[PDB]
Number of protein chains: 2
Amino acid sequence: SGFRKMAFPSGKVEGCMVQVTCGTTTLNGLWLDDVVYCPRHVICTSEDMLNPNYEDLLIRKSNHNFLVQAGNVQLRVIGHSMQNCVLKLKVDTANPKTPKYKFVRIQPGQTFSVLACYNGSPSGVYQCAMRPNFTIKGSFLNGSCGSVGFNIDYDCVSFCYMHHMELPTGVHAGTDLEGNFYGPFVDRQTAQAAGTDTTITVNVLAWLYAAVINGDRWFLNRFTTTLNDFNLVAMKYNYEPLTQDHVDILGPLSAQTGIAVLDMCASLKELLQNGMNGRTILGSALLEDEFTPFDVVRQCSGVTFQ
Amino acid sequence: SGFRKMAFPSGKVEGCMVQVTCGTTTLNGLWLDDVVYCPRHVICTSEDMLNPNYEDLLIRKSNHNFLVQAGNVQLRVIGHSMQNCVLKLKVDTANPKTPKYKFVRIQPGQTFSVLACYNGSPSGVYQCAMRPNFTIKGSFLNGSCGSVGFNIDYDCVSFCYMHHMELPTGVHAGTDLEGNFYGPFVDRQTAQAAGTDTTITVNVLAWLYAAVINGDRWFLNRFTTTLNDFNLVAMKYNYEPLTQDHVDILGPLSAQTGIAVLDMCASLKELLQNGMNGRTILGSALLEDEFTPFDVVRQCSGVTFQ
Ligand SMILES: *C(=N)[C@H](C[C@@H]1CCNC1=O)NC(=O)[C@@H]1[C@@H]2[C@H](CN1C(=O)[C@@H](NC(=O)C(F)(F)F)C(C)(C)C)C2(C)C
Ligand SMILES: *C(=N)[C@H](C[C@@H]1CCNC1=O)NC(=O)[C@@H]1[C@@H]2[C@H](CN1C(=O)[C@@H](NC(=O)C(F)(F)F)C(C)(C)C)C2(C)C
């Protein structure tokens, strides 16, 4: 028993972290086989930030201008190119610690672990969700760019996020490993704001199932609801609409607990309309929306990674 | 910016995890140099649980009775001994991935990361505190015993916890790496309950400093208090007494923010007496007590590990 925000083990990723310095800027890079991937802003000076011309700045750099270090060892760069907002630096040595991996673009509402790094060295690991507004609620400082987000499926690391930038109110934005931003953001120091966020309904439902599995059952009521009526309430409380695909994905937890998804929707509706009256669920006074149905199943069943 | 419950990177620990099977029971072990450390209950059958005689059960096992596997490789056991509640299995191969390490006994109020494992394979990593009642609020299932808790200081892993057992209400108990339990608990399936827990005051104060550093300042009031008057209030709300040692440890955060510790005590006193009136601090509706002053400094300054 017990339920905690859990991150994936970070060792496979730690093995791939390096530091990249160009001129005076140092940030993190991801070394897979013989290529180091990093944010393209490593080539910028403090000056260049308001409106950088990356293509232009990259023309005047050669391979030797990039100082890549893996631990205490310099990796010689033998090629470079830019793909969207990331740079790919070909090095003369393949990383012997490269895990089996994929580059994936995740969808909003999905979760991943972030290995926060500074100067190519790991600082910590935590679990995040891609918010509906394409930001993440992270913990990043100057020098954290190039830190990555990932998921693990058995022995395979799916890299889904590279950190680039911090938006007003302390939320974070970045790209996929092909350098394409999540959301309508650009890597320049200009006026940018995230859209209004929304609550990830299917994840809240998943977490209520987690509460039931742990014996925290007080919020279960005696009613049911249609999907449409539930969504009318969810809308009012800035919750995203629950789709039939979401209902289907909740199937394993619904079958395990014997609580129909629409019955648990009726219970959530009551929590939204009435509040929790000073009670907690799994120790939380607010409804939690950064556990997916798969996260819940994975944690409550002890899924491991090779 | 941003503040998240962050765990230490787990790679050094992942490198040390193995599976131990004796008879029909399988749990996790920690392989350091040529010794595998695991919970002594691996030698018990389902039967033996109410009142095992461990010394007796261990007499009738020889080295070959323990099947240790590191990934897909069996490690031959060449010696065994029991130290308190843990077994030490000498193997014929030293673990090449052994990190620099120490065994430490932590104090209540201190935090650590847990690498939750099943069958010698990691499932997830999360951050915990040793509660004042000597339990931890974890997430563990059948087969998780032998999972360890740890801290990292540069390149050195300080192992402080081995998981043994789950207490009523889904809280967890275990030992240090010398096999001595934290708290008044024993490794037998008998009626056991944790004492009443208390809130870790110095950690709540640390987290309020974290909020200030992040710009969440609404709870700062205009007052001060003596240490004694503060402790009279803390007592009433089941908060542990704040000691001068705790005040001193908050010194770096107090100096960074310019808020005297006793001034922030006055603000905490008001939160305890008045509540938060539906407001949040760092996104939380409850006061958080599982960040130490060092955790806050470490996270807000980007401390990395070698
Ligand atoms: C990467 N190391 C930093 C990480 C930031 C620093 C503070 N917390 C972070 O996550 N990334 C940057 O400094 C990027 C980078 C220029 C500016 N920048 C920002 O994150 C800025 N934000 C924006 O401009 C905004 F709001 F539009 F996202 C800053 C005001 C410094 C937080 C480039 C090239 C985008
Ligand atoms: C180790 N793999 C399991 C981990 C437990 C299982 C459920 N969640 C956990 O953390 N450890 C055990 O099964 C230990 C072990 C006998 C029983 N036991 C317990 O944890 C039991 N708890 C107690 O007896 C109590 F309450 F006194 F702590 C159980 C009721 C199964 C949760 C031994 C040898 C202590």
# chains A, B, ... in the order shown; residues from 1 in each chain; ligands from 1
call {"tool": "residues_around", "arguments": {"residues": "residue 174 of chain B", "least_positions_apart": "2", "cutoff": "8 Å", "atoms": "only C-alpha atoms", "output": "list in words"}}
result
residues 135, 161, 162, 163, 164, 165, 172, 176, 181 and 182 of chain B
call {"tool": "residues_around", "arguments": {"residues": "segment 69-80 of chain A", "least_positions_apart": "3", "cutoff": "9 Å", "atoms": "only C-alpha atoms", "output": "VMD selection string"}}
result
(chain A and resid 16 to 21 31 62 to 66 87 to 93 120 to 121) or (chain B and resid 306)
call {"tool": "closest_atom_pairs", "arguments": {"of": "chain B", "to": "chain A", "cutoff": "7 Å", "atoms": "only C-alpha atoms", "output": "Markdown table"}}
result
| residue | atom | partner | partner_atom | distance |
| --- | --- | --- | --- | --- |
| B:1 | CA | A:170 | CA | 5.3 |
| B:2 | CA | A:139 | CA | 4.2 |
| B:3 | CA | A:139 | CA | 5.2 |
| B:4 | CA | A:139 | CA | 6.0 |
| B:5 | CA | A:126 | CA | 6.8 |
| B:6 | CA | A:126 | CA | 5.2 |
| B:7 | CA | A:125 | CA | 5.2 |
| B:8 | CA | A:124 | CA | 4.8 |
| B:9 | CA | A:124 | CA | 5.3 |
| B:10 | CA | A:10 | CA | 5.5 |
| B:11 | CA | A:11 | CA | 3.6 |
| B:14 | CA | A:11 | CA | 6.9 |
| B:118 | CA | A:304 | CA | 6.6 |
| B:121 | CA | A:304 | CA | 5.7 |
| B:122 | CA | A:304 | CA | 5.5 |
| B:123 | CA | A:304 | CA | 4.2 |
| B:124 | CA | A:8 | CA | 4.8 |
| B:125 | CA | A:7 | CA | 5.2 |
| B:126 | CA | A:6 | CA | 5.2 |
| B:138 | CA | A:2 | CA | 5.7 |
| B:139 | CA | A:2 | CA | 4.2 |
| B:140 | CA | A:1 | CA | 5.7 |
| B:141 | CA | A:1 | CA | 5.9 |
| B:170 | CA | A:1 | CA | 5.3 |
| B:285 | CA | A:285 | CA | 6.1 |
| B:286 | CA | A:285 | CA | 6.8 |
| B:302 | CA | A:123 | CA | 6.5 |
| B:303 | CA | A:123 | CA | 5.9 |
| B:304 | CA | A:123 | CA | 4.2 |
| B:305 | CA | A:122 | CA | 6.0 |
| B:306 | CA | A:121 | CA | 6.5 |
call {"tool": "closest_residue", "arguments": {"among": "B:193, B:57, B:264, B:85", "to": "ligand 2", "atoms": "only C-alpha atoms and all ligand atoms"}}
result
B:193
call {"tool": "select_by_dssp", "arguments": {"residues": "segment 43-273 of chain A", "states": "alpha helix (DSSP H)", "output": "number ranges by chain"}}
result
A: 54-59, 201-213, 227-236, 244-249, 251-257, 261-273
call {"tool": "residues_around", "arguments": {"residues": "residue 206 of chain A", "least_positions_apart": "4", "cutoff": "9 Å", "atoms": "only C-alpha atoms", "output": "PyMOL selection string"}}
result
chain A and resi 201-202+210-211+250+253+289+291-297
call {"tool": "write_last_selection", "arguments": {"atoms": "C-alpha atoms", "output": "compact mmCIF listing (two decimals), in the first residue's frame"}}
result
# COMPACT_ATOMS: atom_id res chain seq x y z
CA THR A 201 -10.09 14.79 -15.97
CA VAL A 202 -9.08 11.24 -16.90
CA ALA A 210 -5.88 4.70 -6.77
CA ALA A 211 -7.53 6.04 -3.63
CA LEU A 250 -9.91 3.61 -17.41
CA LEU A 253 -8.95 0.21 -13.01
CA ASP A 289 -4.34 15.25 -12.05
CA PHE A 291 -1.17 10.38 -12.55
CA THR A 292 -2.32 8.68 -15.75
CA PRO A 293 -4.36 5.46 -15.64
CA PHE A 294 -1.17 3.64 -16.63
CA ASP A 295 0.83 5.33 -13.84
CA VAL A 296 -1.75 4.10 -11.34
CA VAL A 297 -1.73 0.57 -12.64
call {"tool": "atom_distance", "arguments": {"atom1": "atom CA of residue 56 of chain A", "atom2": "atom CA of residue 81 of chain A"}}
result
12.5 Å
call {"tool": "residues_around", "arguments": {"residues": "residue 238 of chain B", "least_positions_apart": "2", "cutoff": "7 Å", "atoms": "only C-alpha atoms", "output": "PDB file with N, CA, C and O atoms, in the first residue's frame"}}
result
ATOM      1  N   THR B 198       4.016  13.355  14.390  1.00  0.00           N
ATOM      2  CA  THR B 198       4.037  14.797  14.592  1.00  0.00           C
ATOM      3  C   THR B 198       4.559  15.453  13.314  1.00  0.00           C
ATOM      4  O   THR B 198       5.213  14.806  12.500  1.00  0.00           O
ATOM      5  N   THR B 199       4.276  16.744  13.157  1.00  0.00           N
ATOM      6  CA  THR B 199       4.710  17.495  11.985  1.00  0.00           C
ATOM      7  C   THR B 199       6.123  18.031  12.198  1.00  0.00           C
ATOM      8  O   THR B 199       6.474  18.478  13.293  1.00  0.00           O
ATOM      9  N   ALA B 234       2.979  25.673  18.410  1.00  0.00           N
ATOM     10  CA  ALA B 234       3.330  24.447  17.702  1.00  0.00           C
ATOM     11  C   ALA B 234       2.864  23.210  18.460  1.00  0.00           C
ATOM     12  O   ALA B 234       2.297  22.287  17.864  1.00  0.00           O
ATOM     13  N   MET B 235       3.018  23.223  19.761  1.00  0.00           N
ATOM     14  CA  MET B 235       2.602  22.106  20.561  1.00  0.00           C
ATOM     15  C   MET B 235       1.126  21.780  20.387  1.00  0.00           C
ATOM     16  O   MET B 235       0.768  20.683  20.158  1.00  0.00           O
ATOM     17  N   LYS B 236       0.303  22.791  20.412  1.00  0.00           N
ATOM     18  CA  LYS B 236      -1.114  22.646  20.285  1.00  0.00           C
ATOM     19  C   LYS B 236      -1.555  22.018  18.957  1.00  0.00           C
ATOM     20  O   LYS B 236      -2.481  21.271  18.891  1.00  0.00           O
ATOM     21  N   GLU B 240       6.335  19.504  16.115  1.00  0.00           N
ATOM     22  CA  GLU B 240       7.456  19.241  17.010  1.00  0.00           C
ATOM     23  C   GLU B 240       8.089  20.562  17.437  1.00  0.00           C
ATOM     24  O   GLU B 240       8.036  21.543  16.695  1.00  0.00           O
TER      25      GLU B 240
END
call {"tool": "closest_residue", "arguments": {"among": "B:152, B:213, B:191, B:35", "to": "ligand 2", "atoms": "only C-alpha atoms and all ligand atoms"}}
result
B:191
call {"tool": "residues_around", "arguments": {"residues": "residue 175 of chain B", "least_positions_apart": "6", "cutoff": "12 Å", "atoms": "only C-alpha atoms", "output": "PDB file with C-alpha atoms, in the first residue's frame"}}
result
ATOM      1  CA  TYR B  37      22.651  -7.351   1.972  1.00  0.00           C
ATOM      2  CA  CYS B  38      18.972  -8.342   2.285  1.00  0.00           C
ATOM      3  CA  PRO B  39      16.165  -8.662   4.768  1.00  0.00           C
ATOM      4  CA  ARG B  40      16.448 -11.732   6.898  1.00  0.00           C
ATOM      5  CA  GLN B  83      23.530  -8.977  11.595  1.00  0.00           C
ATOM      6  CA  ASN B  84      20.394  -7.888  13.431  1.00  0.00           C
ATOM      7  CA  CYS B  85      17.571  -8.002  10.890  1.00  0.00           C
ATOM      8  CA  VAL B  86      19.645  -8.297   7.728  1.00  0.00           C
ATOM      9  CA  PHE B 103      25.989   3.186   5.744  1.00  0.00           C
ATOM     10  CA  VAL B 104      24.353   5.854   7.898  1.00  0.00           C
ATOM     11  CA  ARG B 105      21.580   5.941  10.433  1.00  0.00           C
ATOM     12  CA  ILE B 106      19.433   8.968   9.792  1.00  0.00           C
ATOM     13  CA  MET B 130      11.814   9.563   8.288  1.00  0.00           C
ATOM     14  CA  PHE B 134       9.974   6.229  12.885  1.00  0.00           C
ATOM     15  CA  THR B 135       7.877   5.291   9.930  1.00  0.00           C
ATOM     16  CA  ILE B 136       7.936   6.466   6.350  1.00  0.00           C
ATOM     17  CA  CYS B 145      11.402  -5.697   0.799  1.00  0.00           C
ATOM     18  CA  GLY B 146      15.105  -5.095   0.346  1.00  0.00           C
ATOM     19  CA  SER B 147      14.433  -1.873  -1.516  1.00  0.00           C
ATOM     20  CA  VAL B 148      16.719   0.804  -0.105  1.00  0.00           C
ATOM     21  CA  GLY B 149      16.666   4.459   0.857  1.00  0.00           C
ATOM     22  CA  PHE B 159      22.499   4.165   2.369  1.00  0.00           C
ATOM     23  CA  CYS B 160      20.159   4.816   5.298  1.00  0.00           C
ATOM     24  CA  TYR B 161      17.135   2.512   4.919  1.00  0.00           C
ATOM     25  CA  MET B 162      16.209  -1.045   3.933  1.00  0.00           C
ATOM     26  CA  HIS B 163      12.510  -1.770   3.584  1.00  0.00           C
ATOM     27  CA  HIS B 164      10.992  -4.566   5.702  1.00  0.00           C
ATOM     28  CA  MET B 165       7.317  -4.163   6.432  1.00  0.00           C
ATOM     29  CA  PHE B 181      15.020  -1.093  12.951  1.00  0.00           C
ATOM     30  CA  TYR B 182      14.007   2.517  12.967  1.00  0.00           C
ATOM     31  CA  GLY B 183      11.449   2.708  15.756  1.00  0.00           C
ATOM     32  CA  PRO B 184      10.071   0.123  18.169  1.00  0.00           C
ATOM     33  CA  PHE B 185       9.237  -2.420  15.490  1.00  0.00           C
ATOM     34  CA  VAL B 186      10.115  -6.081  14.923  1.00  0.00           C
ATOM     35  CA  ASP B 187      10.111  -8.185  11.755  1.00  0.00           C
TER      36      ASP B 187
END
call {"tool": "atom_distance", "arguments": {"atom1": "atom CA of residue 59 of chain B", "atom2": "atom 2 (N, counted along the ligand's line) of ligand 2"}}
result
22.3 Å
call {"tool": "atom_distance", "arguments": {"atom1": "atom CA of residue 173 of chain A", "atom2": "atom CA of residue 36 of chain A"}}
result
20.5 Å
call {"tool": "closest_residue", "arguments": {"among": "A:261, A:255, A:287, A:44", "to": "ligand 1", "atoms": "only C-alpha atoms and all ligand atoms"}}
result
A:44
call {"tool": "closest_residue", "arguments": {"among": "A:177, A:49, A:276, A:94", "to": "ligand 1", "atoms": "only C-alpha atoms and all ligand atoms"}}
result
A:49
call {"tool": "select_by_dssp", "arguments": {"residues": "segment 169-241 of chain B", "states": "strand (DSSP E or B)", "output": "count of residues only"}}
result
8
